[PDB]
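Scroll down for the structure; my scribbles are underneath it.
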Amino acid sequence: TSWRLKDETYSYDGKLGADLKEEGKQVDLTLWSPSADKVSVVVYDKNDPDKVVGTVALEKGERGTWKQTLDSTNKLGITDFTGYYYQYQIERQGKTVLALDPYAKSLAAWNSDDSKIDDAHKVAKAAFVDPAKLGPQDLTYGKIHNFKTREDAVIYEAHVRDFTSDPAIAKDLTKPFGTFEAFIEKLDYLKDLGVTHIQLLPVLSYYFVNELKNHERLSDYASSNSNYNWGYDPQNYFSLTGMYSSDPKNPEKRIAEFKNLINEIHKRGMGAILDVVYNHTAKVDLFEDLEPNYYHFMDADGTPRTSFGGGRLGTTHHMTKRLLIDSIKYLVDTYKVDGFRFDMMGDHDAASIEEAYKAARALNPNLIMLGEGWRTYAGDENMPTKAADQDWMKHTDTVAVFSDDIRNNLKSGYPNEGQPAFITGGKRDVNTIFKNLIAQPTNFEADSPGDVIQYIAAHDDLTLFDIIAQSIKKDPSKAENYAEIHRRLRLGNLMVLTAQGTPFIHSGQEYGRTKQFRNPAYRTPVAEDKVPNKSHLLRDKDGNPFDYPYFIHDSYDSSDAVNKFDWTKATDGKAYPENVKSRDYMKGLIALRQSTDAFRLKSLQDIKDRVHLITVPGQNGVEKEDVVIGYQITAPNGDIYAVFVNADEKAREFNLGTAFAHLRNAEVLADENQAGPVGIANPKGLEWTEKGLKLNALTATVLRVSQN
Ligand SMILES: OC[C@H]1NC[C@H](O)[C@@H](O)[C@@H]1O[C@H]1O[C@H](CO)[C@@H](O)[C@H](O)[C@H]1O
Ligand SMILES: [Ca+2]
Ligand code: NA
């Protein structure tokens, strides 16, 4: 057959999944499986999920489906289906497999290290649950402080486990560490930082994990073979993972807890964004077992195409498209979230993503979306389709994309990671730097500044602190290098937080978070076969290893000692003044941005009217490619801001002359120590010169010239 002919003939638009009705008394089951000869539901005990309690056949229905009603008449010995578990038994040409219901609302505790025992253990078992009845009943969409449209968002990227896995805070947690409800206890920190949106790394069920050990601390340094998972191996798109639950064996508990966490985010004036991973599953069979050669993108001969060890969901195909859309709609409606971040959004066709936006916006008119817009489309063989990537930005003002051009130009990025760049001693085309800061990157067309997600660090790759230390080749274990890296960190964060577009902050990017592999047996280089997986070894200018030379660049499979957010470094001004200085700088930066809409203009036409480059490349001691930059915004209220950056290692002068002499009785809103929306009484790192203005080495400033 062909997915195209199968859509023509078995396209189905009714409800899917298991609806727990009648306060537990009844379950209506629907599963799309056109090719099946028989379908039964195997029901597993809620007290012992290994225990099969009975097996009920389903009967054929409309357009390829199979339907059944579990009720009073069951021989199962069940009067309340709540919390019982199920999988689908599907027989085709005499062979039987057990399948996960793709519309499962929750799941039994899952442990992939037991997957080999039998068929029943190869995929998760779904749970009969009713989301609506669970958690805070007053939960609704966020009402987000300081936020009106996408350009207004400040996005903060956190993993649920990392945010509370620091043993250093065990003393202050009343909830089990690294769970949804533990996350709630550190929310006051994020409200004080001033971010509008917390983007959570994938919370939907993922495959490679033993959830039954989720309370064990991963205190040993490791970067491969860890029970920790970022979660980029999807198993189900409606069910939450049990890894962040106080009890993975209670199928309802993760729902209440998540609903309560989204509610707490909301009450603090912030929104939640959900990292979602629709481009690939963890295993080809997750959907191949459901309906052969349909769900995935495929070669011409119907072979499923593959990504990260699993299958590529072909969102061009009717049931796969609706899987994506129903999941989006269900997550927005059930958990009342404020947005989504699409993983490898370029793997998807534009139309799917567009319709996902429209359906999510129909539920929550203030929802935003961004994704990875890399040009990666693979699709069906011989069926080119317009993709939801960077080149799509010129045909839509809906879902924004990450900017690799600013990331690459400022510190490093693929394919030149670790090479000196704007904030790391490597000079850059000044026009290019400026075009990035006004949210016109040079590697794709952004016809609105809200198309652009501006970032210099994320969960992927070396953290901002780590990348800078690698790039300038200075070992942070020397007080003077530590201080220099921070000076550079602040510079970068200033550049992003004052740029047009939507700024994105990796959790910890505010304090100088590191993923240095500080294992006691790894103070110095070790033999080849013991080198930590996903590491880089860091060296100084003479080529001598760093003290603890190995640092992790892909921590998807690393332990708490690698992945924990460091609370002491982030909050203890006495024990770590540089880190806390950095954190306070970010806080002021976000406050600065939020005090005016000069940094967050709403159109391309308005950006070109109001922002003008001051450091013209070539002129006044400013090389065509350099490590300095200066520019001006005329705000909508007529105030005039200027941003000046000196990422050089010597004092450097910015020429003002008569054209920009009005910048002289400016108030200074940021300097080398601090940032904020209010004038710094005694500004440091600035000197007024005859020609214009002198900035100390590794120093940035923001000015505002009022007439008021
Ligand atoms: O989902 C694949 C990748 N998409 C971009 C994300 O930001 C990445 O973190 C993600 O990759 C990570 O997860 C995969 C799948 O488990 C792993 O193989 C990668 O090495 C890891 O970076
Ligand atoms: Ca656009
Ligand atoms: Na890197």
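These numbers come from the heavy atoms of this one structure, side chains and all, not from hydrogens, waters or symmetry mates. Each ligand, and each atom within it, is numbered from 1 in the order the structure gives. For the single chain, residues carry numbers from 1 onward in sequence order.
- Open room surrounds NZ on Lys148; 12 or fewer heavy atoms of other groups in view lie less than 6.0 Å from it.
- Across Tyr232, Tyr156, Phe565, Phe504, a single residue satisfies ring-ring contact (aromatic ring centres under 6.0 Å, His included) together with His459, and that is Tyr232.
- Ring orientation note: the planes of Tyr278 and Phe342 are tilted relative to one another, at an angle of 30° to 60°.
- Protein N/O/S atoms found under 3.0 Å from the Ca ion (ligand 2), listed by chain and residue number: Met393 O, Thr396 O, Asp397 OD1, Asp447 OD1, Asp451 OD1, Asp451 OD2.
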side-chain contact (heavy atoms from CB on, under 4.5 Å), that's the test. Do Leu200 and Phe183 meet it? Break it down for me.
CA-CA 11 Å; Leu200 298 183; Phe183 202 102; 3.9 Å; yes
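- Protein residues with any heavy atom under 4.0 Å from ligand 1: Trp230, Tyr232, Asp233, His280, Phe308, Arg341, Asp343, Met344, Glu372, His459, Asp460, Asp554, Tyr556.
- Checked against a 6.0 Å centroid threshold, the rings of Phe444 and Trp392 do not count as neighbours.
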Derivation of the salt bridge (charged side-chain N to carboxylate O under 4.0 Å, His left out) call for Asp466 and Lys515
CA-CA 7 Å; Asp466 289 355; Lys515 297 173 170 169; over 6 Å; no
Begin with the C-alpha distance, continue with both residues' side-chain angles, and end with the deciding distance and a verdict on side chain to side chain donor-acceptor pair (under 3.5 Å) for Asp404 and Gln390.
CA-CA 10 Å; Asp404 46 335; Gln390 288 177 326; 2.8 Å; yes
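- The nearest pair of heavy atoms linking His486 to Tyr511 is CE1-O, 3.4 Å.
- Under the 6.0 Å distance and 45° angle rule, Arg312 does not count as a cation-pi partner of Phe297.
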